[PDB]
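Structure file structure39.cif (mmCIF, C-alpha atoms and all ligand atoms) is printed below.
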```cif
data_data
loop_
_atom_site.label_atom_id
_atom_site.label_comp_id
_atom_site.auth_asym_id
_atom_site.auth_seq_id
_atom_site.Cartn_x
_atom_site.Cartn_y
_atom_site.Cartn_z
CA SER A 6 37.76 -123.99 -114.69
CA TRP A 7 35.88 -121.69 -112.27
CA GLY A 8 32.41 -122.36 -110.97
CA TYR A 9 30.39 -122.57 -107.80
CA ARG A 10 31.37 -126.11 -106.55
CA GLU A 11 33.49 -126.83 -103.52
CA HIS A 12 36.89 -126.85 -105.33
CA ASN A 13 36.33 -124.16 -107.94
CA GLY A 14 33.85 -121.78 -106.19
CA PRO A 15 34.12 -118.15 -104.96
CA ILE A 16 36.71 -118.70 -102.20
CA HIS A 17 39.11 -120.10 -104.80
CA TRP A 18 38.69 -117.52 -107.46
CA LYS A 19 41.56 -115.39 -106.20
CA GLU A 20 43.96 -118.27 -107.08
CA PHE A 21 43.44 -117.46 -110.77
CA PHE A 22 41.88 -113.95 -110.73
CA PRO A 23 43.76 -111.88 -108.11
CA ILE A 24 41.40 -108.91 -108.58
CA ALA A 25 38.91 -111.12 -106.57
CA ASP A 26 40.49 -109.36 -103.48
CA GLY A 27 40.34 -105.86 -105.14
CA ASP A 28 38.89 -102.79 -103.50
CA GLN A 29 35.75 -102.43 -105.56
CA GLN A 30 34.36 -106.01 -105.69
CA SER A 31 30.64 -106.98 -105.92
CA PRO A 32 28.14 -107.96 -104.71
CA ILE A 33 27.79 -106.20 -101.35
CA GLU A 34 25.49 -105.88 -98.38
CA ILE A 35 23.46 -102.68 -98.72
CA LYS A 36 23.25 -101.19 -95.17
CA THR A 37 20.44 -98.73 -95.33
CA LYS A 38 21.61 -96.84 -92.25
CA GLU A 39 24.86 -95.97 -94.10
CA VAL A 40 23.17 -95.32 -97.51
CA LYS A 41 23.34 -91.64 -98.45
CA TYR A 42 20.40 -90.03 -100.33
CA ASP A 43 21.80 -87.93 -103.18
CA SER A 44 19.56 -85.32 -104.97
CA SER A 45 21.95 -85.18 -107.90
CA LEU A 46 20.95 -88.68 -108.82
CA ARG A 47 18.59 -88.76 -111.77
CA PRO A 48 15.63 -91.07 -112.33
CA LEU A 49 16.32 -94.08 -114.49
CA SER A 50 15.29 -93.76 -118.16
CA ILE A 51 14.90 -97.16 -119.87
CA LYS A 52 13.85 -98.43 -123.15
CA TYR A 53 14.11 -102.04 -124.10
CA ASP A 54 12.87 -103.04 -127.71
CA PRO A 55 11.46 -106.60 -127.37
CA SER A 56 12.68 -107.50 -130.84
CA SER A 57 16.32 -106.61 -129.59
CA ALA A 58 16.56 -110.08 -127.99
CA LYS A 59 18.23 -112.69 -130.17
CA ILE A 60 19.11 -115.95 -128.27
CA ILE A 61 19.28 -117.65 -124.84
CA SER A 62 22.19 -119.90 -124.00
CA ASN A 63 23.50 -121.90 -121.06
CA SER A 64 26.96 -120.55 -120.19
CA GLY A 65 27.38 -123.27 -117.52
CA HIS A 66 27.19 -120.42 -114.99
CA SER A 67 23.67 -119.09 -115.62
CA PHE A 68 21.39 -118.65 -118.67
CA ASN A 69 22.22 -115.61 -120.83
CA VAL A 70 19.73 -113.85 -123.06
CA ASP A 71 21.90 -111.85 -125.58
CA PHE A 72 20.61 -108.77 -127.46
CA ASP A 73 21.54 -107.04 -130.74
CA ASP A 74 23.74 -104.16 -129.60
CA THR A 75 24.56 -102.33 -132.86
CA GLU A 76 21.98 -99.53 -132.37
CA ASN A 77 20.65 -97.41 -129.44
CA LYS A 78 17.18 -99.10 -129.48
CA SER A 79 17.68 -100.71 -126.03
CA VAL A 80 19.45 -98.39 -123.69
CA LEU A 81 19.74 -97.23 -120.13
CA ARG A 82 20.32 -93.56 -119.23
CA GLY A 83 19.93 -91.34 -116.26
CA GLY A 84 20.47 -92.68 -112.76
CA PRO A 85 24.12 -92.12 -111.77
CA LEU A 86 25.18 -92.57 -115.43
CA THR A 87 26.91 -90.13 -117.78
CA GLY A 88 25.72 -90.83 -121.37
CA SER A 89 24.05 -93.83 -122.94
CA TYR A 90 24.57 -97.51 -121.90
CA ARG A 91 23.57 -100.07 -124.44
CA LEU A 92 21.76 -103.32 -123.42
CA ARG A 93 23.97 -106.46 -123.93
CA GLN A 94 22.49 -109.32 -122.00
CA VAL A 95 20.40 -110.55 -119.04
CA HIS A 96 21.10 -113.45 -116.70
CA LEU A 97 19.99 -114.70 -113.22
CA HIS A 98 21.52 -115.80 -109.90
CA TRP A 99 19.95 -118.16 -107.37
CA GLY A 100 20.83 -120.51 -104.54
CA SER A 101 20.00 -124.08 -103.52
CA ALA A 102 17.25 -122.83 -101.21
CA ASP A 103 14.35 -120.60 -102.08
CA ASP A 104 15.09 -118.07 -99.32
CA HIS A 105 18.78 -117.48 -99.89
CA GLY A 106 19.70 -116.88 -103.59
CA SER A 107 20.42 -113.23 -104.25
CA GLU A 108 23.91 -111.74 -104.72
CA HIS A 109 23.28 -108.42 -103.05
CA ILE A 110 21.72 -108.51 -99.55
CA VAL A 111 19.77 -105.62 -97.81
CA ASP A 112 20.18 -105.17 -94.02
CA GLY A 113 20.84 -108.89 -93.52
CA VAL A 114 18.07 -110.09 -95.87
CA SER A 115 18.68 -112.31 -98.92
CA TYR A 116 16.09 -112.59 -101.63
CA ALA A 117 15.20 -115.76 -103.59
CA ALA A 118 17.12 -114.79 -106.71
CA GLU A 119 18.60 -111.73 -108.43
CA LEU A 120 18.19 -110.74 -112.15
CA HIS A 121 21.03 -108.72 -113.77
CA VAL A 122 20.63 -106.61 -116.89
CA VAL A 123 24.13 -105.78 -118.28
CA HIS A 124 24.81 -102.60 -120.37
CA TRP A 125 27.91 -101.00 -121.82
CA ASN A 126 29.00 -97.40 -122.55
CA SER A 127 28.66 -97.11 -126.32
CA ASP A 128 29.16 -93.27 -126.15
CA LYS A 129 32.84 -93.94 -125.25
CA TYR A 130 33.92 -97.47 -126.18
CA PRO A 131 33.66 -99.46 -129.35
CA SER A 132 32.28 -102.70 -127.94
CA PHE A 133 31.32 -104.39 -124.71
CA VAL A 134 34.75 -106.07 -124.44
CA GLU A 135 36.50 -102.82 -124.45
CA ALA A 136 33.98 -101.22 -122.04
CA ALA A 137 34.42 -104.09 -119.57
CA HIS A 138 38.01 -102.88 -118.85
CA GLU A 139 37.19 -99.28 -117.94
CA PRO A 140 35.80 -97.88 -114.67
CA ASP A 141 32.86 -96.20 -116.41
CA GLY A 142 32.42 -98.97 -118.97
CA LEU A 143 29.51 -101.10 -117.74
CA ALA A 144 26.22 -100.55 -115.86
CA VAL A 145 24.27 -103.44 -114.36
CA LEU A 146 20.69 -103.16 -113.20
CA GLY A 147 19.91 -105.65 -110.43
CA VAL A 148 16.34 -106.70 -109.65
CA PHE A 149 15.54 -108.93 -106.71
CA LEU A 150 13.11 -111.87 -106.98
CA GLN A 151 10.92 -113.14 -104.15
CA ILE A 152 8.64 -116.19 -104.12
CA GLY A 153 5.13 -114.93 -105.35
CA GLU A 154 2.84 -115.11 -108.40
CA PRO A 155 4.62 -116.39 -111.68
CA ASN A 156 5.87 -113.77 -114.16
CA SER A 157 5.04 -114.58 -117.78
CA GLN A 158 8.41 -113.36 -119.06
CA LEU A 159 10.01 -115.64 -116.55
CA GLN A 160 7.86 -118.47 -117.94
CA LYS A 161 9.04 -117.51 -121.44
CA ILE A 162 12.57 -118.20 -120.03
CA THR A 163 11.81 -121.35 -118.09
CA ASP A 164 9.99 -122.93 -121.14
CA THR A 165 13.43 -122.82 -123.01
CA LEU A 166 15.51 -124.51 -120.32
CA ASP A 167 15.01 -128.10 -121.41
CA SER A 168 16.40 -127.16 -124.80
CA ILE A 169 19.58 -125.58 -123.19
CA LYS A 170 20.23 -128.08 -120.35
CA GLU A 171 23.92 -128.75 -121.19
CA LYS A 172 26.60 -126.05 -121.08
CA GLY A 173 27.05 -124.37 -124.50
CA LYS A 174 23.55 -125.06 -125.82
CA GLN A 175 21.49 -122.14 -127.15
CA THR A 176 18.21 -121.47 -128.79
CA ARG A 177 16.36 -118.56 -130.54
CA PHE A 178 14.87 -116.08 -128.12
CA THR A 179 13.15 -112.90 -129.21
CA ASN A 180 10.02 -110.75 -128.61
CA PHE A 181 11.19 -110.66 -124.95
CA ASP A 182 9.45 -108.13 -122.88
CA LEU A 183 12.24 -107.34 -120.52
CA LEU A 184 10.56 -104.21 -119.11
CA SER A 185 7.99 -106.64 -117.61
CA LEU A 186 10.68 -107.94 -115.31
CA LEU A 187 11.19 -104.59 -113.67
CA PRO A 188 9.07 -103.65 -110.60
CA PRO A 189 6.69 -100.72 -110.86
CA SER A 190 8.88 -98.61 -108.52
CA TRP A 191 12.25 -97.67 -110.05
CA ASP A 192 13.74 -96.42 -106.79
CA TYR A 193 17.39 -97.64 -106.52
CA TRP A 194 20.61 -97.86 -104.78
CA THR A 195 23.93 -97.31 -106.56
CA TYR A 196 27.64 -97.93 -105.95
CA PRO A 197 30.82 -98.57 -107.96
CA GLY A 198 31.76 -102.27 -108.20
CA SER A 199 32.74 -105.21 -110.33
CA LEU A 200 31.52 -108.14 -112.35
CA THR A 201 30.46 -110.80 -109.86
CA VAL A 202 31.98 -113.60 -112.02
CA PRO A 203 35.51 -114.06 -113.26
CA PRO A 204 37.22 -112.00 -114.62
CA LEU A 205 35.80 -109.82 -111.82
CA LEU A 206 36.65 -106.58 -113.61
CA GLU A 207 36.08 -103.39 -111.65
CA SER A 208 34.11 -101.62 -114.37
CA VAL A 209 30.56 -101.74 -113.17
CA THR A 210 28.24 -99.00 -112.01
CA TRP A 211 25.69 -101.02 -110.03
CA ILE A 212 22.06 -99.86 -109.87
CA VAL A 213 20.11 -102.16 -107.54
CA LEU A 214 16.29 -101.66 -107.53
CA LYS A 215 14.69 -101.62 -104.04
CA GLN A 216 11.46 -103.35 -104.96
CA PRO A 217 11.43 -107.08 -105.82
CA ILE A 218 9.51 -108.84 -108.45
CA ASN A 219 7.87 -112.23 -108.06
CA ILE A 220 8.74 -115.73 -109.19
CA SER A 221 7.07 -118.96 -108.41
CA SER A 222 8.85 -121.76 -106.53
CA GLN A 223 8.23 -123.96 -109.58
CA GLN A 224 9.82 -121.42 -111.97
CA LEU A 225 12.79 -120.95 -109.62
CA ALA A 226 13.42 -124.66 -109.31
CA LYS A 227 13.65 -125.12 -113.12
CA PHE A 228 16.94 -123.06 -113.14
CA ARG A 229 18.64 -125.58 -110.79
CA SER A 230 18.05 -128.24 -113.51
CA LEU A 231 20.61 -126.53 -115.80
CA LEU A 232 23.97 -128.28 -115.95
CA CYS A 233 27.38 -126.62 -115.47
CA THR A 234 28.79 -129.45 -117.64
CA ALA A 235 28.80 -130.04 -121.44
CA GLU A 236 27.07 -132.77 -123.51
CA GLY A 237 28.56 -136.24 -122.74
CA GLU A 238 30.47 -135.13 -119.59
CA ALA A 239 29.51 -136.47 -116.16
CA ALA A 240 26.44 -134.30 -115.22
CA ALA A 241 26.84 -131.66 -112.50
CA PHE A 242 23.92 -129.33 -111.74
CA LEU A 243 23.92 -125.55 -111.38
CA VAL A 244 21.98 -125.58 -108.10
CA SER A 245 23.51 -122.28 -106.86
CA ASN A 246 25.40 -119.49 -108.67
CA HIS A 247 25.64 -116.52 -106.27
CA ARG A 248 28.77 -114.94 -105.05
CA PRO A 249 28.92 -113.92 -101.35
CA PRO A 250 28.94 -110.21 -100.41
CA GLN A 251 32.43 -108.67 -100.59
CA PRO A 252 34.14 -106.05 -98.39
CA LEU A 253 32.73 -102.54 -98.92
CA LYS A 254 36.23 -100.95 -98.47
CA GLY A 255 34.75 -97.54 -97.68
CA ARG A 256 32.66 -97.25 -100.88
CA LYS A 257 29.56 -94.96 -100.80
CA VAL A 258 26.19 -96.56 -101.52
CA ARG A 259 23.77 -93.84 -102.68
CA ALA A 260 19.98 -93.86 -102.68
CA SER A 261 17.73 -92.25 -105.33
CA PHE A 262 14.97 -92.00 -102.70
CA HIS A 263 14.34 -90.81 -99.12
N1 LIG B 1 26.96 -110.83 -112.39
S1 LIG B 1 27.62 -109.95 -113.67
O1 LIG B 1 26.60 -108.90 -113.96
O2 LIG B 1 28.79 -109.16 -113.10
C1 LIG B 1 27.80 -111.28 -115.04
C2 LIG B 1 27.43 -112.62 -114.76
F1 LIG B 1 27.00 -113.08 -113.59
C3 LIG B 1 27.40 -113.65 -115.80
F2 LIG B 1 27.01 -115.06 -115.46
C4 LIG B 1 27.84 -113.28 -117.09
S2 LIG B 1 27.72 -114.69 -118.23
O3 LIG B 1 27.84 -114.14 -119.68
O4 LIG B 1 26.19 -115.01 -117.97
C5 LIG B 1 28.68 -116.22 -118.01
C6 LIG B 1 30.05 -115.97 -117.35
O5 LIG B 1 30.64 -115.06 -118.23
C7 LIG B 1 28.30 -111.93 -117.47
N2 LIG B 1 28.74 -111.57 -118.94
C8 LIG B 1 29.94 -111.36 -119.77
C9 LIG B 1 30.44 -112.50 -120.66
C10 LIG B 1 29.60 -113.13 -121.64
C11 LIG B 1 30.07 -114.21 -122.44
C12 LIG B 1 31.39 -114.72 -122.28
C13 LIG B 1 32.26 -114.15 -121.33
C14 LIG B 1 31.76 -113.07 -120.55
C15 LIG B 1 31.12 -111.12 -118.93
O6 LIG B 1 31.41 -112.29 -118.20
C16 LIG B 1 32.29 -110.51 -119.69
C17 LIG B 1 32.21 -109.97 -121.01
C18 LIG B 1 33.37 -109.37 -121.54
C19 LIG B 1 34.57 -109.25 -120.83
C20 LIG B 1 34.63 -109.77 -119.57
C21 LIG B 1 33.53 -110.43 -119.01
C22 LIG B 1 28.22 -111.04 -116.39
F3 LIG B 1 28.52 -109.71 -116.55
ZN ZN B 2 25.14 -111.32 -112.50
#
```
Please express what this file holds, its structure, as structure tokens.
Ligand SMILES: NS(=O)(=O)c1c(F)c(F)c(S(=O)(=O)CCO)c(N[C@H](c2ccccc2)[C@@H](O)c2ccccc2)c1F
Ligand SMILES: [Zn+2]
Amino acid sequence: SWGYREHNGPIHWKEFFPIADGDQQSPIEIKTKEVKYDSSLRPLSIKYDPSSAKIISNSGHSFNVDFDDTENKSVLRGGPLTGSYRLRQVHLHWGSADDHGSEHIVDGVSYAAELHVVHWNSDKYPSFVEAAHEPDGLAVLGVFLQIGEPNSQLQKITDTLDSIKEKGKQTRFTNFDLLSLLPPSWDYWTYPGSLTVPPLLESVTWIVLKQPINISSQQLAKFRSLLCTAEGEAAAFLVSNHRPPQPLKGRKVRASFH
């Protein structure tokens, strides 16, 4: 089964998921000299209902906070998007060191970690599973994290981690103020790409926010204490879960700002 260890990590994924070498894979290096400003891009419009959050689980690959997705209470519109994209879940990527944990990189620079907020096109498709197999199906908001003052919604997450240490565990999680994990500037970059985990489907419109938010070193370290293994298996720790940047293959990265 896939993971981030030496014999099941990113370089091996193509052995089971051939789309790993596809032409629209993520993450990428954003090269600001090649980024094109586009005045047709719209500002992001976001609304996340804190009571939309239901549970947090350990997938063995990250934590996932899952949201009720039967209504348009928590939705993302505008940006590069056509129509309404319904919030499905949030999760985080990090690395074994505090200065090299993000998925996307900007002009050579890695951030400490990278938060992804996953949405699906509910104006066109009947569920997230269906949306995940279409080019305009999903939209993921990426927010970088840098070492700084602790965020209280990140503490709300890290307080749960002891209860979800083993893969498959979950616990109630609601009244989650997700909008608190967005930076005050919503300037962004956007490009067409993929899930960064197997099955690596090329269905994602990426929207990567330029400004980072802050996490403490203590908060960040608590994520590395999650296991990628299940209860009563030999313990292995999720000390890193970021995929390297993938070939751009000519894709256009657009900026909302200049
Ligand atoms: N970095 S990314 O934004 O591209 C990303 C991740 F990094 C990520 F860790 C997940 S995950 O849900 O946290 C565990 C691996 O599936 C999903 N979520 C979906 C999922 C949830 C539960 C079980 C399987 C899959 C996603 O993996 C998915 C959903 C439906 C169809 C294909 C894939 C995801 F989209
Ligand atoms: Zn992700």
Find the spatial neighbours of residue 242 in chain A, counting only C-alpha atoms, within a cut-off of 12 Å - ignore same-chain residues fewer than 4 positions away - and output them as a PyMOL selection string.
chain A and resi 8-10+63+65-67+100-101+170-172+226-235+238+246
Selection near residue 148 in chain A, 12 Å with only C-alpha atoms, sequence-local residues under 6 positions removed, as a PyMOL selection string
chain A and resi 95-98+107-110+116-123+183-194+211-220
Could you write those residues out with C-alpha atoms, as a PDB file, keeping the file's coordinate frame?
```pdb
ATOM      1  CA  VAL A  95      20.400-110.550-119.040  1.00  0.00           C
ATOM      2  CA  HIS A  96      21.100-113.450-116.700  1.00  0.00           C
ATOM      3  CA  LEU A  97      19.990-114.700-113.220  1.00  0.00           C
ATOM      4  CA  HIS A  98      21.520-115.800-109.900  1.00  0.00           C
ATOM      5  CA  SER A 107      20.420-113.230-104.250  1.00  0.00           C
ATOM      6  CA  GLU A 108      23.910-111.740-104.720  1.00  0.00           C
ATOM      7  CA  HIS A 109      23.280-108.420-103.050  1.00  0.00           C
ATOM      8  CA  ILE A 110      21.720-108.510 -99.550  1.00  0.00           C
ATOM      9  CA  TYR A 116      16.090-112.590-101.630  1.00  0.00           C
ATOM     10  CA  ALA A 117      15.200-115.760-103.590  1.00  0.00           C
ATOM     11  CA  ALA A 118      17.120-114.790-106.710  1.00  0.00           C
ATOM     12  CA  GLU A 119      18.600-111.730-108.430  1.00  0.00           C
ATOM     13  CA  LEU A 120      18.190-110.740-112.150  1.00  0.00           C
ATOM     14  CA  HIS A 121      21.030-108.720-113.770  1.00  0.00           C
ATOM     15  CA  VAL A 122      20.630-106.610-116.890  1.00  0.00           C
ATOM     16  CA  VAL A 123      24.130-105.780-118.280  1.00  0.00           C
ATOM     17  CA  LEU A 183      12.240-107.340-120.520  1.00  0.00           C
ATOM     18  CA  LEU A 184      10.560-104.210-119.110  1.00  0.00           C
ATOM     19  CA  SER A 185       7.990-106.640-117.610  1.00  0.00           C
ATOM     20  CA  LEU A 186      10.680-107.940-115.310  1.00  0.00           C
ATOM     21  CA  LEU A 187      11.190-104.590-113.670  1.00  0.00           C
ATOM     22  CA  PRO A 188       9.070-103.650-110.600  1.00  0.00           C
ATOM     23  CA  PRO A 189       6.690-100.720-110.860  1.00  0.00           C
ATOM     24  CA  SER A 190       8.880 -98.610-108.520  1.00  0.00           C
ATOM     25  CA  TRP A 191      12.250 -97.670-110.050  1.00  0.00           C
ATOM     26  CA  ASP A 192      13.740 -96.420-106.790  1.00  0.00           C
ATOM     27  CA  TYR A 193      17.390 -97.640-106.520  1.00  0.00           C
ATOM     28  CA  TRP A 194      20.610 -97.860-104.780  1.00  0.00           C
ATOM     29  CA  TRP A 211      25.690-101.020-110.030  1.00  0.00           C
ATOM     30  CA  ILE A 212      22.060 -99.860-109.870  1.00  0.00           C
ATOM     31  CA  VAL A 213      20.110-102.160-107.540  1.00  0.00           C
ATOM     32  CA  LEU A 214      16.290-101.660-107.530  1.00  0.00           C
ATOM     33  CA  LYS A 215      14.690-101.620-104.040  1.00  0.00           C
ATOM     34  CA  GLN A 216      11.460-103.350-104.960  1.00  0.00           C
ATOM     35  CA  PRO A 217      11.430-107.080-105.820  1.00  0.00           C
ATOM     36  CA  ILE A 218       9.510-108.840-108.450  1.00  0.00           C
ATOM     37  CA  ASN A 219       7.870-112.230-108.060  1.00  0.00           C
ATOM     38  CA  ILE A 220       8.740-115.730-109.190  1.00  0.00           C
TER      39      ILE A 220
END
```
Who sits within 9 Å of residue 129 in chain A, all atoms listed in the file, same chain under 6 positions skipped, as number ranges by chain:
A: 88, 136, 142
Any chance you can output those residues with C-alpha atoms as a PDB file, in the coordinates of the input?
```
ATOM      1  CA  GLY A  88      25.720 -90.830-121.370  1.00  0.00           C
ATOM      2  CA  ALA A 136      33.980-101.220-122.040  1.00  0.00           C
ATOM      3  CA  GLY A 142      32.420 -98.970-118.970  1.00  0.00           C
TER       4      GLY A 142
END
```
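Interatomic distance, CA of residue 105 in chain A to CA of residue 36 in chain A: 17.5 Å.
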Do you have, as a Markdown table, the list of residues of chain A lying at most 7 Å from ligand LIG 1 (chain B), each with its nearest atom pair and that distance in Å to one decimal, counting all atoms listed in the file and ordered by chain then number?
```
| residue | atom | partner | partner_atom | distance |
| --- | --- | --- | --- | --- |
| A:64 | CA | B:LIG1 | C5 | 5.1 |
| A:66 | CA | B:LIG1 | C5 | 5.4 |
| A:67 | CA | B:LIG1 | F2 | 5.2 |
| A:68 | CA | B:LIG1 | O4 | 6.1 |
| A:69 | CA | B:LIG1 | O4 | 4.9 |
| A:96 | CA | B:LIG1 | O4 | 5.5 |
| A:121 | CA | B:LIG1 | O1 | 5.6 |
| A:123 | CA | B:LIG1 | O1 | 5.9 |
| A:133 | CA | B:LIG1 | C18 | 6.2 |
| A:134 | CA | B:LIG1 | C18 | 4.6 |
| A:137 | CA | B:LIG1 | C19 | 5.3 |
| A:145 | CA | B:LIG1 | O1 | 5.9 |
| A:199 | CA | B:LIG1 | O2 | 6.2 |
| A:200 | CA | B:LIG1 | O2 | 3.0 |
| A:201 | CA | B:LIG1 | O2 | 4.0 |
| A:202 | CA | B:LIG1 | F1 | 5.2 |
| A:203 | CA | B:LIG1 | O6 | 6.7 |
| A:204 | CA | B:LIG1 | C21 | 5.9 |
```
Can you tell me, as number ranges by chain, what residues are no more than 10 Å from residue 127 in chain A when counting only C-alpha atoms, ignoring any on the same chain fewer than 4 positions away?
A: 74-77, 80, 88-92, 131-133, 135-136, 142-143
Between A:111, A:239, A:253, A:205, which has the minimum distance to ligand ZN 2 (chain B) (counting all atoms listed in the file)?
A:205
Counting all atoms listed in the file, figure out which residue out of A:31, A:56, A:151, A:6 gets nearest to ligand ZN 2 (chain B).
A:31
As a PDB file, in the frame of the given file, could you write out range 148-169 of chain A once it has been completed with N, CA and C atoms?
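Output saved as part-v6.pdb:
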```
ATOM      1  N   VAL A 148      17.757-106.686-110.114  1.00  0.00           N
ATOM      2  CA  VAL A 148      16.340-106.700-109.650  1.00  0.00           C
ATOM      3  C   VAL A 148      16.206-107.963-108.787  1.00  0.00           C
ATOM      4  N   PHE A 149      15.753-107.768-107.545  1.00  0.00           N
ATOM      5  CA  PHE A 149      15.540-108.930-106.710  1.00  0.00           C
ATOM      6  C   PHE A 149      14.302-109.687-107.008  1.00  0.00           C
ATOM      7  N   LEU A 150      14.316-111.019-106.741  1.00  0.00           N
ATOM      8  CA  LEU A 150      13.110-111.870-106.980  1.00  0.00           C
ATOM      9  C   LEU A 150      12.764-112.478-105.633  1.00  0.00           C
ATOM     10  N   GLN A 151      11.454-112.446-105.359  1.00  0.00           N
ATOM     11  CA  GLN A 151      10.920-113.140-104.150  1.00  0.00           C
ATOM     12  C   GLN A 151       9.824-114.094-104.609  1.00  0.00           C
ATOM     13  N   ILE A 152       9.662-115.138-103.771  1.00  0.00           N
ATOM     14  CA  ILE A 152       8.640-116.190-104.120  1.00  0.00           C
ATOM     15  C   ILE A 152       7.233-115.531-104.109  1.00  0.00           C
ATOM     16  N   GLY A 153       6.423-115.657-105.167  1.00  0.00           N
ATOM     17  CA  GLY A 153       5.130-114.930-105.350  1.00  0.00           C
ATOM     18  C   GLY A 153       4.409-115.422-106.595  1.00  0.00           C
ATOM     19  N   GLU A 154       3.504-114.652-107.153  1.00  0.00           N
ATOM     20  CA  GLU A 154       2.840-115.110-108.400  1.00  0.00           C
ATOM     21  C   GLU A 154       3.850-115.166-109.611  1.00  0.00           C
ATOM     22  N   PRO A 155       3.657-116.153-110.585  1.00  0.00           N
ATOM     23  CA  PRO A 155       4.620-116.390-111.680  1.00  0.00           C
ATOM     24  C   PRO A 155       4.630-115.234-112.644  1.00  0.00           C
ATOM     25  N   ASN A 156       5.788-114.872-113.183  1.00  0.00           N
ATOM     26  CA  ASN A 156       5.870-113.770-114.160  1.00  0.00           C
ATOM     27  C   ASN A 156       5.912-114.421-115.557  1.00  0.00           C
ATOM     28  N   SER A 157       5.207-113.878-116.567  1.00  0.00           N
ATOM     29  CA  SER A 157       5.040-114.580-117.780  1.00  0.00           C
ATOM     30  C   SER A 157       6.333-114.457-118.599  1.00  0.00           C
ATOM     31  N   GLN A 158       7.190-113.476-118.278  1.00  0.00           N
ATOM     32  CA  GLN A 158       8.410-113.360-119.060  1.00  0.00           C
ATOM     33  C   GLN A 158       9.390-114.249-118.443  1.00  0.00           C
ATOM     34  N   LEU A 159       9.216-114.529-117.135  1.00  0.00           N
ATOM     35  CA  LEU A 159      10.010-115.640-116.550  1.00  0.00           C
ATOM     36  C   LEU A 159       9.579-116.988-117.076  1.00  0.00           C
ATOM     37  N   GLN A 160       8.295-117.214-117.313  1.00  0.00           N
ATOM     38  CA  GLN A 160       7.860-118.470-117.940  1.00  0.00           C
ATOM     39  C   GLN A 160       8.389-118.603-119.338  1.00  0.00           C
ATOM     40  N   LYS A 161       8.504-117.485-120.040  1.00  0.00           N
ATOM     41  CA  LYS A 161       9.040-117.510-121.440  1.00  0.00           C
ATOM     42  C   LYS A 161      10.478-118.084-121.308  1.00  0.00           C
ATOM     43  N   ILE A 162      11.180-117.678-120.264  1.00  0.00           N
ATOM     44  CA  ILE A 162      12.570-118.200-120.030  1.00  0.00           C
ATOM     45  C   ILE A 162      12.494-119.673-119.642  1.00  0.00           C
ATOM     46  N   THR A 163      11.655-120.044-118.653  1.00  0.00           N
ATOM     47  CA  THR A 163      11.810-121.350-118.090  1.00  0.00           C
ATOM     48  C   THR A 163      11.337-122.396-119.132  1.00  0.00           C
ATOM     49  N   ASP A 164      10.405-122.003-120.032  1.00  0.00           N
ATOM     50  CA  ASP A 164       9.990-122.930-121.140  1.00  0.00           C
ATOM     51  C   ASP A 164      11.184-123.352-122.072  1.00  0.00           C
ATOM     52  N   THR A 165      12.272-122.566-122.100  1.00  0.00           N
ATOM     53  CA  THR A 165      13.430-122.820-123.010  1.00  0.00           C
ATOM     54  C   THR A 165      14.439-123.747-122.368  1.00  0.00           C
ATOM     55  N   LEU A 166      14.374-123.916-121.047  1.00  0.00           N
ATOM     56  CA  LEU A 166      15.510-124.510-120.320  1.00  0.00           C
ATOM     57  C   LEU A 166      15.782-125.971-120.677  1.00  0.00           C
ATOM     58  N   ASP A 167      14.758-126.735-120.980  1.00  0.00           N
ATOM     59  CA  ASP A 167      15.010-128.100-121.410  1.00  0.00           C
ATOM     60  C   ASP A 167      15.797-128.127-122.702  1.00  0.00           C
ATOM     61  N   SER A 168      15.646-127.127-123.555  1.00  0.00           N
ATOM     62  CA  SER A 168      16.400-127.160-124.800  1.00  0.00           C
ATOM     63  C   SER A 168      17.887-126.706-124.642  1.00  0.00           C
ATOM     64  N   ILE A 169      18.210-126.096-123.494  1.00  0.00           N
ATOM     65  CA  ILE A 169      19.580-125.580-123.190  1.00  0.00           C
ATOM     66  C   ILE A 169      20.163-126.191-121.881  1.00  0.00           C
TER      67      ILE A 169
END
```
